[PDB]
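As structure tokens, one chain now follows by itself in the form deposited in one PDB entry.
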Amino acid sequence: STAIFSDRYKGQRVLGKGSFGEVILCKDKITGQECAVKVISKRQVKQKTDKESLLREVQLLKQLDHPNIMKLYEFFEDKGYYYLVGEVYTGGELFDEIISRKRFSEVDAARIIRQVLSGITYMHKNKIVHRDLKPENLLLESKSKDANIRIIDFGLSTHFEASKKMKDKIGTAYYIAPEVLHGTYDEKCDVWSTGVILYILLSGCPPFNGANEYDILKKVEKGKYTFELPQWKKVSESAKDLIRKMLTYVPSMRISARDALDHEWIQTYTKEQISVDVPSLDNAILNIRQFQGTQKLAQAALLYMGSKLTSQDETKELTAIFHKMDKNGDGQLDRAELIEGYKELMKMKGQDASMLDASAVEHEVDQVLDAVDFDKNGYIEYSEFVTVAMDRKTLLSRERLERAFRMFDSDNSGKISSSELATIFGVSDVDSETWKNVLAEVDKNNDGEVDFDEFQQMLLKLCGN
């Protein structure tokens, strides 16, 4: 009688892959209610605690309500997985919204930060620490300018190991409190992370910056930072005073999320009726765009390479399953067999694949059978099927990376400089000598720049393809 996830919910589409696992948009089979479900592996991702402590924390989370915290509704567990069923937001990540703004003021920044600090204050009262607070964990209810912010992933840090692949830890280093690196931490680490977000909101630049993860962490662990940049001339002294208190090194001296809410900067700048100036922080928005574009292109590059690996397996494997199904060895198959064979390949796409993969077959097959047999004969050469099935998969991969490359190239030059490659690859933790070797191989007469096709050729080479 133990409740089963699939008895209750069916997956509609993938929302995205955040830390700890994939997020799937799901639908209650009775009531129609849409939920977001975080599917976490017991293997791939594993566990810090024992099960008792996790179940306890889960039970606590289901009873808490705040307008700036993502509501957890249900928890399920099967042998391979845990399912965290929660509220769904569609407004996207905070920074992705802010970069589309034409204008952005200290009041815009203070209102955003008050929501964050109100969320944090409530959770800390309930002895729940986030630990991994960063922009990606701040989602908007709506792509509206005035939208409410919901913090995702409170409490998860305590119970599951963070994925050590670089795709999943890009961005992480800027936000992490120094005491967390050293191992003795408490709820003050969330105030530090928030201070880092605020700093970025006001200047467009990390307080603790660097060419790669470890250069950043070094800076964090020293804890020194400045307001030297010229755009800090345009920020109030009150905003800087709050920042100094949230980025106080020694945690016992750092300000609480509760007192940060009371700071005069918050109380002044988050009036309903604006009694202060709102000069646009035009330089900060420009830096935020660059920052975000850089981070998104670096993630896209790693996902492109990741996707290119995981699917090399497919072409050969799919051909094998299809050959083995071809008892008579005529190189052909019907639609039922090709469907079955493609499910087989998702059945074994790692021990772990995406949950909607078995279901996406039928319509993804029909989409291939259209290109290979538009008159619907029904005895199909499976090599051509494989050829077109995987041709489409590769193209779709190319398109997500292209999209990110285009966004990075904000002045529509069509190209990215070697120094920009150096930055992107630093973020992605690709060795400098290694990518340059690759560049010289792809195009000897490169003259300090690459277009999209050359950038994509480099990536292919950096994953052995």
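In this text, the rigid core denotes the largest set of C-alpha atoms whose superposition between the two forms falls within 1.5 Å. One-based numbering along the sequence shown.
task: Mind pulling up the entry and telling me whether 347 to 355 or 143 to 151 has the higher mean Cα temperature factor?
output: That would be 347 to 355.
- prompt: Averaged over C-alpha atoms, is the B-factor higher for 282 to 290 or for 99 to 107 in this PDB entry?
  reply: Mean C-alpha B-factor is greater for 99 to 107.
query: So among 376, 131, 224, 188, who wins on Cα B-factor in the entry?
result: Of the options given, 376 has the highest CA B-factor in the PDB entry.
message: Maximum C-alpha temperature factor per the entry, among 238, 209, 163, 203, belongs to which one?
response: Within the set 238, 209, 163, 203, 163 shows the top C-alpha B-factor.
query: For residue 277, does the deposited CA B-factor place it in the lowest, middle or highest third of the chain?
result: Ranked within chain, residue 277 CA B lands in the highest tercile.
field: residue 363 by Cα B-factor - lowest, middle or highest third of the modelled chain
entry: CA B-factor rank for residue 363: highest third.
query: Is the Cα B-factor recorded for residue 266 in the lowest, middle or highest third of its chain?
result: Middle third - that is where residue 266 ends up once the chain's C-alpha B-factors are sorted.
Chain-wide C-alpha B factor ranking for residue 126, given as lowest, middle or highest third: Middle third, going by the recorded CA B-factors of the chain.
message: Using the temperature factors of the C-alpha atoms in this entry, rank residue 342 within its chain: lowest, middle or highest third.
response: It falls in the top third of the chain.
The discussion below concerns the form deposited in another entry, not included here.
message: Relative to the superposed rigid core, does residue 366 relocate between this form and the one not shown - that is, does its Cα move 2 Å or more?
response: It does shift by 2 Å or more.
- request: Indicate whether residue 126 shows a C-alpha shift of 2 Å or more between this form and the one not shown, with the rigid core used for the fit.
  value: No: residue 126 shifts by under 2 Å between this form and the one not shown.
query: Are residue 359 and residue 403 closer or farther apart at their Cα atoms in the other form than shown, with the shift being 3 Å or more?
result: Result: farther.
query: Did residue 392 and residue 15 drift closer or farther in the other form, going by a CA distance change of 3 angstroms or more?
result: Residue 392 and residue 15 sit closer together in the other form.
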